[PDB]
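The structure under discussion appears below in the form of structure tokens.
2 protein chains.
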Amino acid sequence: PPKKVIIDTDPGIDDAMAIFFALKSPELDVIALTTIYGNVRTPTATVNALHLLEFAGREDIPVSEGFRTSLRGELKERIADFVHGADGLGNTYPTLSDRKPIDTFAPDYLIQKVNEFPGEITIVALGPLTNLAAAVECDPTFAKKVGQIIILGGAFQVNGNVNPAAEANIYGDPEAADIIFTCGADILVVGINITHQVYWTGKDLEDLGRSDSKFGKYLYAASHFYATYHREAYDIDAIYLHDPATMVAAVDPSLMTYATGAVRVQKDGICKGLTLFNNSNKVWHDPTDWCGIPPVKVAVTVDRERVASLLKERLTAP
Amino acid sequence: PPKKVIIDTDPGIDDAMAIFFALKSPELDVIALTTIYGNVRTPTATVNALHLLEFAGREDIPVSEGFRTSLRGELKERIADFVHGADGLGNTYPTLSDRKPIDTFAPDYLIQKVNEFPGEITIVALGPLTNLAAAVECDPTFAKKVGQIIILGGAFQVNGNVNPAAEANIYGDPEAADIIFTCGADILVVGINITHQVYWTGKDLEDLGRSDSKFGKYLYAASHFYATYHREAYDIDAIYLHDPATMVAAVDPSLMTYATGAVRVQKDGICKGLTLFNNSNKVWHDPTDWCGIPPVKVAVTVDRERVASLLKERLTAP
Ligand SMILES: [Ca+2]
Ligand SMILES: [Ca+2]
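Sequence order for the protein chains is B and A.
All residue numbers for the first sequence refer to the authors' numbering, where the first residue is 16 and numbers rise by one.
All residue numbers for the second sequence refer to the authors' numbering, where the first residue is 16 and numbers rise by one.
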């Protein structure tokens with residue numbers, strides 16, 4: 016102990032929460048941060064990630080910029096700001112600096128660091144799986160060299176958040192998602208089916224704002240825009256803790272129950288970005304597209320009280 | 016009372032069970048039977064349907080042959096016999112018969128009978144929706160003229176039976192299924208999510224065989240092959256009552272709880288034949304492929320004890 020962690024992020028209010036919680040968790044050693052599109056454009060994500068690490072004081076942590084488009088060159092310029100704001104940090108508009116990313120490309124850096132520490136690195140994917148899929152396509156030995164891949168993505172036997180069928184991160188790059196779910200690495204999938212159970216009320220956010228914590232006060236300011244979205248889209252006085260709940264699985268995986276089986280992603284619409292899990296011990300009078308696919312651990316149940324309490328005692332502590 | 020019923024079937028051991036139960040239910044008046052592919056080839060389905068009505072004594076009931084291929088001419092010759100047998104009636108090989116179908120094509124007959132009795136006819140679709148979709152494509156006023164369409168098909172937030180994503184009847188013709196779920200008729204969907212709750216153990220089958228009922232004894236003989244399939248595919252000493260549970264909804268719909276919303280079908284693989292339901296409910300910031308789609312009633316919960324008891328007291332009665 017502690018475990019080495021690389022975080023594939025698109026900051027992102029919920030991403031910032033997860034980044035800060037990882038930096039406040041002694042059981043994790045944040046070795047690096049890799050940026051990707053999603054909530055914000057890849058250059059915006061880099062700017063925000065560099066800024067968050069400056070605020071955290073952990074300036075030692077390198078920031079490696081990744082894919083600006085999808086794996087198959089689908090342009091990711093011009094993206095929705097109704098969830099995370101124009102700046103991507105809930106319209107707080109921080110006074111960002113001149114600090115620059117580590118010039119090495121994120122998939123190239125991912126392969127580099129995993130060969131350096133085989134079976135030690137735990138990649139927490141908090142955005143589209145493009146950077147990870149590129150690393151898999153580049154080096155075929157990458158999948159067996161990674162310690163574990165904790166993915167925030169998918170809607171397992173539940174409706175999606177982008178459209179009724181798909182979840183954001185998977186809808187971002189369905190080709191890249193299918194590559195990862197089939198790559199054969201130690202994979203832990205945290206879908207919206209379980210993140211929708213982990214939420215913080217207006218009072219929980221208020222408690223974080225009132226707290227004498229540098230991070231708690233910061234996150235409360237960014238939360239305002241994210242809270243107004245949930246209030247108009249889901250009509251709830253609470254925010255779903257997507258990315259920070261995924262970070263909890265890296266800290267303590269005992270707080271979740273997992274089901275082992277194969278996961279496949281539909282790449283073409285209407286159901287583009289749909290994640291389908293096969294935990295059906297019916298296996299299978301004629302082979303299916305889930306037959307002979309490496310199994311992955313998919314989170315089924317959460318200890319919502321213990322997850323939300325840990326993501327508070329850490330973010331409220333001075 | 017009673018309600019006029021047309022049954023779109025592919026007999027089929029479970030289909031035979033539903034046919035017999037409908038013929039033993041005084042609240043339903045089986046006006047006609049329309050054949051389709053699925054478990055068996057369309058000509059085989061016709062032969063079996065004519066035979067079942069002969070055995071039931073109800074020779075007055077016309078049999079109208081339908082589509083031999085999918086709606087878009089996808090050939091349905093050469094189909095799996097591991098579930099219903101070579102004959103389609105659990106390898107019992109009955110002593111059929113020179114009786115012939117009513118020369119009118121099933122979609123043509125469906126439009127004819129619905130114009131004859133508008134808002135009276137209840138179509139119970141126990142096979143692929145090809146015959147019904149052709150009727151919708153032919154006459155646009157058909158959807159509003161039908162009394163109700165009770166569909167056995169789909170896997171709503173659960174794994175499929177053909178492959179982990181799709182259910183048999185919907186996988187048979189995904190184009191036809193999407194036409195029906197969008198047609199705007201009074202639709203009641205009974206998916207495998209609820210039929211997997213309604214099952215009969217080996218003892219239940221034994222009770223049906225021991226019974227002094229013509230139908231019960233017949234169904235027990237055909238059940239042997241269907242039972243051996245469930246024992247090797249699902250590894251259970253029970254058979255899922257798919258088609259007969261759908262017939263129960265026609266008899267007494269109170270035994271099921273329904274959710275109103277839009278249903279769309281994925282036509283191209285990996286998730287070909289997937290049925291996706293949108294709770295409606297749901298506020299969507301940007302229109303989706305479920306927005307502006309006519310809502311349908313989807314069965315959520317069953318009274319498994321009362322469904323299996325009714326499908327026994329009727330099939331055991333002499
Ligand atoms: Ca994210
Ligand atoms: Ca059937």
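Think of the CB as a built atom: it goes at the ideal place given N, C-alpha and C, for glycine as much as any other residue.
Test item: CB-CB of residue i and residue j under 8 Å
i, j, result
"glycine 103 of chain B", "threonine 59 of chain B", "yes"
"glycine 142 of chain B", "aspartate 23 of chain B", "yes"
"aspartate 154 of chain B", "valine 280 of chain B", "no"
"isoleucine 209 of chain A", "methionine 262 of chain A", "no"
"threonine 290 of chain B", "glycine 224 of chain B", "no"
"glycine 168 of chain A", "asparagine 184 of chain A", "yes"
"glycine 105 of chain A", "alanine 237 of chain A", "yes"
"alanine 121 of chain B", "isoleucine 195 of chain B", "no"
"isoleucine 28 of chain A", "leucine 48 of chain A", "no"
"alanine 277 of chain A", "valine 204 of chain A", "no"
"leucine 38 of chain B", "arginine 73 of chain B", "yes"
"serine 228 of chain A", "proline 333 of chain A", "yes"
"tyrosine 52 of chain A", "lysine 91 of chain A", "yes"
"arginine 319 of chain A", "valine 151 of chain A", "no"
"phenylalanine 36 of chain A", "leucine 330 of chain A", "yes"
"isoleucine 117 of chain B", "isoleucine 138 of chain B", "no"
"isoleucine 21 of chain A", "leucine 125 of chain A", "yes"
"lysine 282 of chain B", "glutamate 131 of chain B", "no"
"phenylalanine 97 of chain B", "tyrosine 244 of chain B", "yes"
"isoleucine 136 of chain A", "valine 311 of chain A", "no"
"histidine 211 of chain B", "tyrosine 273 of chain B", "no"
"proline 309 of chain B", "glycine 199 of chain B", "yes"
"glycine 288 of chain B", "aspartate 252 of chain B", "no"
"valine 55 of chain B", "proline 26 of chain B", "yes"
Cross-strand partners of residue i (DSSP beta bridge)
i, result
"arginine 279 of chain B", "B/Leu291"
"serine 79 of chain A", "A/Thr49"
"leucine 43 of chain A", "A/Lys18"
"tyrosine 214 of chain A", "A/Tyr255"
"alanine 314 of chain B", "B/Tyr273"
"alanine 140 of chain A", "A/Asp23 and A/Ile166"
"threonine 84 of chain A", "A/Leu90"
Three-state secondary structure (DSSP) of residue i
i, result
"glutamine 163 of chain B", "strand"
"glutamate 74 of chain A", "coil"
"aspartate 250 of chain A", "coil"
"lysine 18 of chain A", "strand"
"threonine 110 of chain A", "coil"
"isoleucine 28 of chain B", "helix"
"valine 205 of chain A", "strand"
"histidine 239 of chain B", "helix"
"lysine 297 of chain A", "coil"
"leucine 104 of chain B", "coil"
"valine 151 of chain A", "helix"
"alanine 260 of chain B", "helix"
"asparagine 174 of chain B", "coil"
"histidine 99 of chain A", "coil"
"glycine 199 of chain B", "coil"
"residue 14 of chain B", "No statement about residue 14 of chain B is possible, as the shown extent of chain B runs from 16 to 333 and does not include it."
"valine 322 of chain B", "helix"
"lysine 327 of chain B", "helix"
"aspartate 304 of chain B", "coil"
"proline 309 of chain A", "coil"
"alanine 121 of chain B", "helix"
"residue 8 of chain B", "In the structure as shown, chain B starts at 16 and stops at 333, and residue 8 of chain B therefore has no counterpart that could be examined."
"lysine 128 of chain B", "helix"
"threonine 156 of chain B", "coil"
"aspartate 267 of chain A", "coil"
- List in chain order the residues whose CB is within less than 7 Å of at least one heavy atom of ligand 1. B/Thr24, B/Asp25, B/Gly27, B/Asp29, B/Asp30, B/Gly53, B/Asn54, B/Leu141, B/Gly142, B/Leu167, B/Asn184, B/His257 and B/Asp258
- Message: Taking 8 Å as the cut-off, does the segment 137-156 of chain A touch the segment 81-90 of chain A (at least 3 CB pairs, one atom from each stretch)?
- Response: yes
- Are the segment 61-77 of chain A and the segment 159-173 of chain A touching by the rule of at least three beta carbon pairs closer than 8 Å? no
- Message: Measuring CB atoms only, is the segment 289-303 of chain B touching the segment 318-332 of chain B, in the sense that at least three cross pairs come out at less than 8 Å?
- Response: no
- Item | Three-pair Cβ contact test at 8 Å for the segment 39-57 of chain A versus the segment 297-306 of chain B | no
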